[PDB]
Each structure stands twice: as structure tokens, then as C-alpha cells.
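Here you get one chain, nothing else, as C-alpha cells; it is the form deposited in one PDB entry.
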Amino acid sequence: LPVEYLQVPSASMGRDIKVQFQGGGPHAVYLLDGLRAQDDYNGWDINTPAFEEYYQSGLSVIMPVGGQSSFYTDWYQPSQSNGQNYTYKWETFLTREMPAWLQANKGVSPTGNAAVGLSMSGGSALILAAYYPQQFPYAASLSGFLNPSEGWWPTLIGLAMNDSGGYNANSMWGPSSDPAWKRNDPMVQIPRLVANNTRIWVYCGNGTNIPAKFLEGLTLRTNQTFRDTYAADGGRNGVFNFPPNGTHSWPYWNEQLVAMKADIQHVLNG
């Protein structure tokens, strides 16, 4: 399997970002990592046969490495508490720096790709497509935070980020009253997804500091109001997968990635 590991400089973050890569076509599936993203390998490669599954799919596969608790967004400032000595700029990296590098050196097109995220990055994928539709006519969110700015979600996200390497949500998007929370809220940005005619794939499995069943109910509720709002707002290009058997884990996230392969091939290469 022709898998490569790349070192892609990021001017905005002042360091090189490692990227796992598999070629196979000009358009690419960007596979974004979960909350506890490591600096050696992307979770998709640690936990799943993703590369092998998309081998000879006509699609390249990109797996950026690093960015624990980053939400693949551009932060306001370095995380204040855990000694981060630079500012996260992952939206800048994914939409400008990395595509530029991959085009010049490998001929991967900066346009007409898929963004696929899970847990932390599920919402990120949708937000990337909302604001960069030419880069991402396709986005998948597998167990993502679909309404990060509302209700319990700013508190829970902040707690999760602290539990994942001590990162501070306030350094990311500000107090929950800051415009940045709504800017990066996929439900709030549904009208953009509808206007861009983004092909979206949303998965919400069963299963899983607060009782499991309270969390489930918040999650179910949020995922249904996203779904309802998408349809109400004129959305006609979504797939919504809520299987009872489905779980919030790599084996079912891989199940969804394999399930969506034909969908992506047809939208990107059809």
C-alpha cells in the first residue's frame, strides 16, 4: 500500500504539520481526527483500514496529524493554561497551506474534495464546507457536535477540551457569548449548507461528569433539531443515518466511511 508520511510547513502555526497521504486521483477525502488526536498518527490509521478501503477508489486520502482538541479551527490565541506556545490555525492550514502544498507537489486539486470528521471534527467538516464550498462540495459528520453554541454544549465542549490535553475553549472561540461560537455552529450555518447545495452525510449512533443517559438525550435532541432545521430551511442534499445498532466508536465510524464511499465517488467523480 503506497501510503506516505509528509511534512507540510504551516507558516501560520510556525511549525511543520505531519500528513499521512495515499494518492489515487486528483480529488481527495480529508479524514479529520477526533478529540484526542496524537502527534504521530491520525486516529483513522491507528484504528481502521481506511487507506486499504479507499485504495483504487479513484480518490486520494489525506489524514492530517496532530491538533488535539483543536476543532480544526483558527483560535483567537494560544491555549491559556497548558503552556501552548503558538496559536492553533487549523482552518488556515486545511484551506490554504496544505491544499497549496498538495497541488504544487502532487497535483491534488484544491477544489472538489470531501471533508469527513468524527466526534470533535464532525462539526468542523460541516463548517469547512459551509465557508469553503468550492473546496468541499461534500462533508460528513460522524457523531459530531452539531449545535456547539447552544444550551449545554459550550460547557460540555469546554470540559471535554480540558480533559483532552488541558485545552481552553475560551482561548478558541471566546466566552460562549462571542460571535465565534455561532460562526462555527453547523446548525446556525445550515442556510450556507443549503445555499451551497453541500452534499452532507450525518451519522448519529446509539450507545455511550454527567450520567450517560442525560448525555444521550441531549445528543439525540440536538441531532433531531439539526435534521429538522436542515429540511425546514430547504435542504435537499443530505443523508441522515440514525441506526439503533450504531455506536460512537471507530468500528462504526469506519462502517460509515465504507458506506459513504460510493456516495463520495458519485458526487466528486461522477
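Numbering starts at 1 and runs along the sequence shown. Shifts are known only where both forms have a C-alpha. We call the rigid core whatever largest set of C-alpha positions still superposes within 1.5 Å between the two forms.
Where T208 is followed by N209 in the displayed chain, the model omits 4 to 9 of the deposited residues that sit between the two.
Mean C-alpha B-factor is higher over 243-251 than over the other stretch, the pair under comparison being 256-264 and 243-251. 195-203 and 72-80 differ in mean CA B-factor, and the higher of the two is recorded for 72-80. By the numbers in the PDB entry, the CA B factor is greatest at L220 among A37, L220, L59, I62. Each of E53, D45, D228, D33 has a CA temperature factor in the record; the biggest one is found at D228.
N168 sits in the highest third of its chain by CA B factor, as recorded in the PDB entry. Per-chain ranking of the deposited C-alpha B factor places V19 in the lowest third. In this PDB entry, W181 carries a Cα temperature factor that places it within the highest third of its chain's modelled residues. Split the chain's modelled residues into thirds by C-alpha temperature factor. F136 is in the lowest one.
Among the modelled residues of its chain, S121 has a C-alpha B-factor that falls in the lowest third according to the deposited record.
Just so it is clear, the following notes concern the form deposited in another entry, a form of the same protein that is not shown.
With the core superposed, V239 shows a C-alpha displacement below 2 Å between this form and the one not shown.
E53: CA moves less than 2 Å between this form and the one not shown after rigid-core fitting. Against the superposed rigid core, the only consecutive-residue run (3 or more long) showing CA movement of at least 2 Å between this form and the one not shown spans 209-221.
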